[PDB]
Amino acid sequence: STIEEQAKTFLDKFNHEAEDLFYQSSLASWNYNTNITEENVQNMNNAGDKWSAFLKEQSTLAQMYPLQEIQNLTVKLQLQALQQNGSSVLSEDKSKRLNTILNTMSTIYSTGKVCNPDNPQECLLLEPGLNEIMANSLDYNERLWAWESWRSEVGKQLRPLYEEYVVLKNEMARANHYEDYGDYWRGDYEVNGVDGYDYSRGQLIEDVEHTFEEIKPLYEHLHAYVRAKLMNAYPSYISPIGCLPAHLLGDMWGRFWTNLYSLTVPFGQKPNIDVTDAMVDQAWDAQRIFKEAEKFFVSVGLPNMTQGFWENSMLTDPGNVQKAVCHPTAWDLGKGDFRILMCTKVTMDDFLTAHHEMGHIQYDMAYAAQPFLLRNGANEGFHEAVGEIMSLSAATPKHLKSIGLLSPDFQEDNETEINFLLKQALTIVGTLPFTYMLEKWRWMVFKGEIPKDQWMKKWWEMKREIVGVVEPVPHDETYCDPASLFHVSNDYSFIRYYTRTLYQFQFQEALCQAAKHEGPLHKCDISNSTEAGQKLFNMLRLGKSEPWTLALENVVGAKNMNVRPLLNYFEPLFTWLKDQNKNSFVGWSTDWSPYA
Amino acid sequence: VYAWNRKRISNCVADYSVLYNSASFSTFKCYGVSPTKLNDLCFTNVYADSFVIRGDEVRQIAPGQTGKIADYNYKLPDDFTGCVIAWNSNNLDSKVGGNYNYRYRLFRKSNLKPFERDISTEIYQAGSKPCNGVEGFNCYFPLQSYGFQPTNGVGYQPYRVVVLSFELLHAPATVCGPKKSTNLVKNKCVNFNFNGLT
Ligand SMILES: *[C@@H]1O[C@H](CO)[C@@H](O)[C@H](O)[C@H]1NC(C)=O
Ligand SMILES: *[C@@H]1O[C@H](CO)[C@@H](O)[C@H](O)[C@H]1NC(C)=O
Ligand SMILES: *[C@@H]1O[C@H](CO)[C@@H](O)[C@H](O)[C@H]1NC(C)=O
Ligand SMILES: *[C@@H]1O[C@H](CO)[C@@H](O)[C@H](O)[C@H]1NC(C)=O
Ligand SMILES: *[C@@H]1O[C@H](CO)[C@@H](O)[C@H](O)[C@H]1NC(C)=O
Ligand SMILES: *[C@@H]1O[C@H](CO)[C@@H](O)[C@H](O)[C@H]1NC(C)=O
């Protein structure tokens, strides 16, 4: 009869016939990941094509129901999600060209091999040939050669492709009632129709700038300290008044600063909190690691893992005969089937990764009650954030002492807290200016603020202004320096890390306040607190049914993203860095003072 | 579940203790009678309804419940006397390719009456528009297949449900429980109960 009942029956029909197809596609993807064979690749391709065709047909049927005659929030949200054209609105020739461009960029990035001229008999790929050199070398010219050669080859190949890509994506986005592709990406956080909890696409950029302005003093002090330490490591290259050289950040692109912990350690004499040896001595298997993680989740009050999880997951490397992807990934296959694919080793990093992926599994399990098309996070930030909070909680010394991995008589003095906080800042705080600068540059490129002939002149100017990183040598317009990163080349949003980082500490403050922790934020563990788990599970159960603003109100009590928990987390480190930067000069100059 | 089997059990002795003492059943919820006194009481007829549902849908097989199964597939009366027995059947009813032999009625204009079987295969009309016999837009086929895989979760795994319905009618009750004989003792003054004569 009415439009709302028709939409509800159609949505039921969609969820029922879409859950099984999604399960088949996900199972084919799992079979490919755990067993890399040509038939598995063919099965994955066939399942993906069937899934995409079914989604296209259901979207085509879905568009015939007008949005304005539906009052139920969940039904309206599912209809809005289904009725998106995506690439369908574009012409078949341009759609095929866009798909071909994306695939060829994927092949060029994945199979890109670059080596030194005059010695071409063998070459090194990016992983792990170039990663180890970027992360461990202390030689200026070798790192400079690797960075410049890889950007030269990849940028020169990808620059016309990127020029076509921006135009095609802008055409698709403007055809889809968006201002640009940046507006399309910013539409994920858009909330419409809820009184008081509405969020606009335009508000996201303003909020990011407002938070980053408060991020800037801490980043400036951290940059000054890292600059001083790198000056100690490399005597003549780094200038006291200028920016840091691009190839010296410890990674290929500057995404993380975690590879500079050895060079920039405050107290080298003091020991670390490494617990790898304790697990090796007591013969801790990967199964024990996952059982301890499960014990942590039942300690906080969340449901324990299913029998299917233990039976069907691959938590150890299979062997030489069977090939598998080594990247840790949590799979929500559908129909209550949750698995983790990780090549787990006896390391602290794998243990934290196991907690992070099991957090992903818990998040996936929580919204199983919801309809199929709403079985996701409220935004892209929350899904990563719920894993990151478990990663934060598991790494604390209190958690290690509780589970027996650390000695009960370990002395927790201020120096270990300072060096640990500095390492966490290098991993977490350091990615924020790079992420903000890259997303703002991409948004300006999509918007048309920056013409194609002026992409790099602005970009380096942005990098000096925001990231405090200077180019080693000037680059002309033949280079395509941003596209050397995995996320940008394969059509992925990059603001998820920034939102995840702010949400991570907001959630951490909320759970620690719930758990009645009375000390520093970084010394807080969320184990043994039922109320904290209940508060988290209230947001977790909703999934995508409710706006992200309402979920944030449910957890932290705020209607907007906030920057204060990050500053509160690193406040001892902030005071220590302010004390240590009395002699040095905080801030940088955008000029070519170190090298150009 | 749309075409649930009904078997009428009459003119025999029903031993309920074998079912009760089994550990193979996940749900043994009895409504209107208790399992302890089932082995003593006698009933006129026993209705055994058998079907397969999902793990999450076992709760809907009860009086007063609401759902797809209760409204459109199998409806139980409020004044129901009997037992609902359900057990996991992942071992037999799930195959690697997917077992799609089990179907459920997803849409019907009105709710089912208690103990009603609907085997109609007419296209459901969700809109004013005439369906015209073809399954197109706003017109859907009511019977939807089920997907059963051996790696599914416990809430999606197939569960076999047998519902026993006990009714007493004015006709003589013939489905009686197994009375247990004792050993015979002779030459002593004892209280004898022979075939109801005490
Ligand atoms: C992986 O694929 C090979 C190829 O035939 C097959 O023999 C083997 O059983 C597979 N192993 C698993 C765990 O799927
Ligand atoms: C919206 O629909 C869902 C399922 O279709 C239903 O459970 C919920 O009560 C509806 N909300 C309102 C306000 O009617
Ligand atoms: C999708 O595209 C079609 C035509 O290309 C258009 O009629 C329809 O309005 C679009 N959907 C939305 C939600 O705008
Ligand atoms: C998970 O929790 C349930 C209920 O608390 C319990 O019965 C079950 O044994 C647990 N599973 C494992 C593997 O510990
Ligand atoms: C740690 O505490 C001791 C004792 O108060 C103090 O002397 C030392 O300067 C502190 N170190 C740092 C890095 O705060
Ligand atoms: C949390 O509970 C476990 C289980 O009893 C216990 O072993 C652990 O010590 C508790 N945590 C703390 C900090 O006491």
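Residues displayed in chain A correspond, in order, to Swiss-Prot positions 19-614.
Per the header: electron microscopy, 3.3 Å.
Backbone N, Cα and C atoms are what each Cβ position is placed from, and that goes for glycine too.
Database features (Swiss-Prot):
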ACT_SITE  A:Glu375  active site, proton acceptor
BINDING   A:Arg169, A:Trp477, A:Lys481  chloride binding site
BINDING   A:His374, A:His378, A:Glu402  Zn(2+) binding site
DISULFID  A:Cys133-A:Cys141  disulfide bond
DISULFID  A:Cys344-A:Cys361  disulfide bond
DISULFID  A:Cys530-A:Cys542  disulfide bond
CARBOHYD  A:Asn53  N-linked glycosylation site
CARBOHYD  A:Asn90  N-linked glycosylation site
CARBOHYD  A:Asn103  N-linked glycosylation site
CARBOHYD  A:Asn322  N-linked glycosylation site
CARBOHYD  A:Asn432  N-linked glycosylation site
CARBOHYD  A:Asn546  N-linked glycosylation site
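Features per Swiss-Prot, on structure.
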| residue | record | Cβ contacts under 8 Å, 6 or more apart |
| --- | --- | --- |
| A:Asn53 | N-linked glycosylation site | A:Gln340, A:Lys341, A:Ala342 |
| A:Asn103 | N-linked glycosylation site | A:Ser77, A:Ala193, A:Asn194 |
| A:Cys133 | disulfide bond | A:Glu140, A:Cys141, A:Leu142, A:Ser167 |
| A:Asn322 | N-linked glycosylation site | A:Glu312, A:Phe315, A:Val316 |
| A:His378 | Zn(2+) binding site | A:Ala348, A:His401, A:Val404, A:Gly405 |
| A:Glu402 | Zn(2+) binding site | A:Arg514, A:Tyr515, A:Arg518 |
| A:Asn432 | N-linked glycosylation site | A:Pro590 |
| A:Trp477 | chloride binding site | A:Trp459, A:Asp499, A:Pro500 |
| A:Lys481 | chloride binding site | A:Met455, A:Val487, A:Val488, A:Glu489 |
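A Cα-Cα distance of 19 Å separates A:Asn546 (N-linked glycosylation site) from A:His374 (Zn(2+) binding site). In this structure, the C-alpha atom of A:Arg169 (chloride binding site) lies 51 angstrom from that of A:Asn90 (N-linked glycosylation site). A:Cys344 (disulfide bond) is 34 Å away from A:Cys530 (disulfide bond) when you measure Cα to Cα. When the recorded positions A:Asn90, A:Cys361, A:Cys542 are ranked by how far their Cα is from the Cα of A:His374 (Zn(2+) binding site), A:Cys361 comes first. The record gives A:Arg169, A:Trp477, A:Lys481 for chloride. Within 8 Å of the mean position of their Cβ atoms, the other Cβ atoms in that chain belong to A:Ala264, A:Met474, A:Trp478, A:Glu489, A:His493, A:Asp499, A:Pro500.
In the shown protein chains, 22 other C-beta atoms lie within 10 A of the C-beta of A:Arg169 (chloride binding site). The residues near the Zn(2+) site, meaning same-chain residues not in A:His374, A:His378, A:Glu402 whose C-beta sits within 8 angstroms of the mean position of the site's C-beta atoms, are A:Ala348, A:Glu375, A:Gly377, A:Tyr381, A:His401, A:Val404, A:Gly405, A:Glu406, A:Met408, A:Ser409, in sequence order. Around A:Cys542 (disulfide bond), taking its Cβ as the centre, 20 other Cβ atoms fall within 10 Å, counting all chains. Closest in space to A:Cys542 (disulfide bond), of the recorded positions given as A:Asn90, A:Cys344, A:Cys361, A:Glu375, is A:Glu375, taking the CA atom of each residue. For A:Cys344 (disulfide bond), the Cβ neighbour count at a 10 Å cut-off comes to 10, with all displayed protein chains included.
Recorded residues A:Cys344 (disulfide bond) and A:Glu375 (active site, proton acceptor) have their alpha carbons 14 Å apart, per Cα-Cα distance. A C-beta separation below 8 Å, combined with a sequence spacing of at least six in one chain, links A:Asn90 (N-linked glycosylation site) to A:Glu22, A:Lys26. For the pair formed by A:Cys361 (disulfide bond) and A:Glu375 (active site, proton acceptor), distance between Cα atoms is given as 12 Å, rounded to the nearest Å.
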